[PDB]
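# Inside the fold
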Amino acid sequence: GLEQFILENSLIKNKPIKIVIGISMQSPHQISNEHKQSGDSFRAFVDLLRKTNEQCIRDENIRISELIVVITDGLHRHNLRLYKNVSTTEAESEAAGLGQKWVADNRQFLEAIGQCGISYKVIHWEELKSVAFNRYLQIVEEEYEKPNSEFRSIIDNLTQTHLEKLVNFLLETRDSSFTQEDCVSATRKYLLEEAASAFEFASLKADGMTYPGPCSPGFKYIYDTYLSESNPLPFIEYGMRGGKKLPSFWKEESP
RNA sequence: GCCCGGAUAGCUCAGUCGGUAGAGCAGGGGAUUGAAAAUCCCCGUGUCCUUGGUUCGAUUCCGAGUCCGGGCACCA
Ligand SMILES: *C(=O)[C@@H](N)Cc1ccccc1
């Protein structure tokens with residue numbers, strides 16, 4: 001899908017539109033192979049990008065160029081560390097490794113986006129979370145140091161979400177020996193890292209970042225404070241499905 | 001993955017069983033001016049996206065393909 005009704009609110013046209021995007025992954029995959037940024041999702045992002053490179057007499061009176069792609073490869077760490085003792089950094093290593101696994105599971109789409117005209121970047125875990133996280137976490141806690149801000153409401157909502165998720169997860173294996181306070185606090189840590197990912201990402205990348213869903217968790221609270229007056233955080237919503245196979249160039253298995 | 005709409009003059013779209021599809025823009029020709037600029041008037045051979053059927057005949061009715069959207073399922 002798209003948001004043509006949202007293109008005029010910013011009112012910056014007749015030029016290349018710097019865009020970004022960030023994918024995620026859950027520990028226990030309920031939909032298994034089906035997930036965000038599947039093959040259909042990447043091909044549909046490419047198609048929605050190419051839809052603005054056509055109709056030059058109807059878009060001048062929408063363009064897609066210079067794009068980037070982020071990955072929260074270092075977000076769901078403690079989510080996977082519950083299965084085995086392992087280590088604190090080993091859980092990171094493995095989760096970011098699966099992130100890079102997907103990054104290689106659809107590299108053809110990333111490279112073919114460059115043939116369609118759009119640039120291709122590849123942000124990762126450390127590539128973003130490697131600078132200015134002390135002041136970021138400090139500001140997150142400064143917003144979460146009072147029950148008046150809706151940051152506590154979003155905290156409780158995401159906490160209930162991750163709590164149901166971790167309850168269903170540990171309901172299969174009770175050998176984790178984790179704590180309810182531990183699950184809640186690790187979920188809140190991931191949530192605050194996602195909230196602090198508005199400051200660091202909005203400052204690291206120019207203009208806007210688009211996700212298929214809404215993704216207003218933490219991003220709204222932080223970006224309305226800082227990014228909305230430094231680098232406008234505009235979230236565009238995408239949405240596709242499966243019905244008729246589109247034309248995919250070099251759509252074959254590697255050999 | 002499942003389910004629901006459209007494509008018509010060059011372009012926008014309006015056309016409701018199946019009863020020779022027309023309003024706006026554009027564009028050509030005019031009268032009048034010395035000439036243009038306003039105003040009036042004339043001007044559409046459209047397989048209604050191709051290709052198989054009912055009919056007396058199908059725009060929209062049934063079958064096959066091409067291209068634009070929607071509603072769900074999965075939220076994280
Ligand atoms: C899921 O765990 C999300 N918090 C991860 C995420 C999604 C989109 C953008 C940034 C982070």
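Residues numbered from 1 in each chain as written, not as in the entry; some residues may be left out. Chains lettered and ligands numbered in written order. Heavy atoms only, no water. Residues with missing side-chain atoms left out of burial classes, pairs and counts.

The record lists X-ray crystallography as the method behind this PDB entry and 5.00 Å as its resolution.

### With respect to the overall build of chain A
Secondary structure assignment for chain A yields 9 helices and 4 strands. Beginning at the N terminus, the succession of helices and strands in chain A can be written as α-β-β-α-β-α-α-α-α-α-α-β-α. Relative to the 2.2 N^0.38 estimate, which gives 18 Å for 255 residues, the radius of gyration of chain A is 19 Å and therefore close to what a compact globule would have. For chain A, the spread of C-alpha atoms along the three principal axes comes to 60 × 50 × 30 Å. (Helix = DSSP H or I, 4+ residues; strand = E, 2+ residues; numbered from the N terminus. Rg over C-alpha atoms; globule rule 2.2 N^0.38 Å.)

### Thoughts on the environment of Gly218
Summarising the element assignment, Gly218 is placed in the loop between β4 (208-209) and α9 (219-225). As for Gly218 and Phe199, which are separated by 19 residues in sequence, their C-alpha atoms are 10.0 Å apart.

### A word on unusual backbone geometry
With phi around 60°, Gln37 is a residue other than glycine that occupies positive phi space. With respect to the secondary-structure elements, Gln37 resides in the loop between β2 (22-23) and α2 (39-50). Phi at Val86 takes a positive value of approximately 50°, unusual for a residue other than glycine. The residue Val86 is located in the loop between β3 (70-71) and α3 (88-105) in this model.

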